[PDB]
Every structure is written in structure tokens, then in C-alpha cells.
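> Pasting a structure here, questions to come.
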Amino acid sequence: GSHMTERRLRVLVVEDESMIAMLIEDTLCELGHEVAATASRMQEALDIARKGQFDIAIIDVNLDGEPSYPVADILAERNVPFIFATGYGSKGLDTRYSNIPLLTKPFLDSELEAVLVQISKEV
Ligand code: BEF
Ligand SMILES: [Ca+2]
């Protein structure tokens, strides 16, 4: 309807080290998001999952330890509006995006895709 949202856009992207940290400050720089998430954190990672409408969340890296806890995995068995990427590459996350913006944060076409494969969709 009319009463919608335009400032609730947030993206929580996390993983072991901070390689994802500044990797986010650049995303919000373009989107203008309010606050993103850096490094893997069970406390903040829970906010990207329990929120339900946090826009997007990335608890990548699930290898050499499978550090994804039941907060991201669960977030996958149902998949809401968001995106993800880990050593796996998304088994089949079903989001309202298109099942195309997913990966393992290999740094080369990851996060960018999630923001490039969308382009809003208003051509
Ligand atoms: F960087 Be998260 F290692 F996958
Ligand atoms: Ca990492």
C-alpha cells in the first residue's frame, strides 16, 4: 500500500576476519544503509536472522569449521528476503531476489553480484 518503508534497509554481512568489515562500509556507502555487520558474530548474526526483515545477511564461511550456527542455517531452511554466501555457494536459498546473488565471498564477483544482479529491477 502507501505507508511503506525507505530507511529500514540494512545489510548484515559477517565472517571470521574483517575482510568483510570494510567490504561493507563500501556497500552502505552506495546504498546509504543505516548500519551493516562485520566479521562473524553470534550476537549480531542473531539480529540478521531473528529480525526477519533485515533486508540481507551473510554469515559466509562454513568450511574448516562450519561456523554458521543454527541462526544462518535456519535462516536458509526457510529463506526470507536477503542473500547469503559461504564456502558452499548457497544450496538453493529461496529469496525474493532470484536465487542469483549468492556465492562464497571468493572476492571477485561475490558481494558485487548481490548488488549488481539486482540493479533494483526497474531497468
Ligand atoms: F569470509 Be567468510 F570466510 F567466508
Ligand atoms: Ca572470511
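Just remember, in the C-alpha cells the first chain shown is A, the second B, etc., residues are 1-based per chain, and ligands are 1-based in the order shown.
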Residues within 9 Å of ligand 2 should be enumerated using only C-alpha atoms and all ligand atoms and returned as a ChimeraX atom specification.

/A:14-20,39-40,60-61,86,105-106

> Neighbours of range 87-104 of chain A within 7 Å (only C-alpha atoms; same-chain residues fewer than 6 positions away dropped), as a list in words?

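Within the cut-off, the hits are residues 60, 61, 62, 63, 76, 79, 80, 81, 110, 113, 114 and 117 of chain A.
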
> Point out the residue among A:65, A:52, A:32, A:70 with the least atom-to-atom distance to ligand 1, counting only C-alpha atoms and all ligand atoms.

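Result for the nearest residue to ligand 1: A:65.
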
> Between CA of residue 85 in chain A and CA of residue 43 in chain A, what is the spacing in Å?

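Atom-to-atom, CA of residue 43 in chain A and CA of residue 85 in chain A are spaced 19.1 Å apart.
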
> Give the answer as one residue: which of A:45, A:57, A:31, A:112 has the shortest atom-to-atom distance to residue 71 in chain A, using only C-alpha atoms?

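Smallest distance to residue 71 in chain A is found for A:45.
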
> So, with only C-alpha atoms as the atoms that count, which of A:68, A:27, A:53, A:38 lies closest to residue 116 in chain A?

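The closest residue to residue 116 in chain A is A:27.
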
> Taking only C-alpha atoms and all ligand atoms into account, which of A:33, A:41, A:55, A:1 comes nearest ligand 1?

A:41
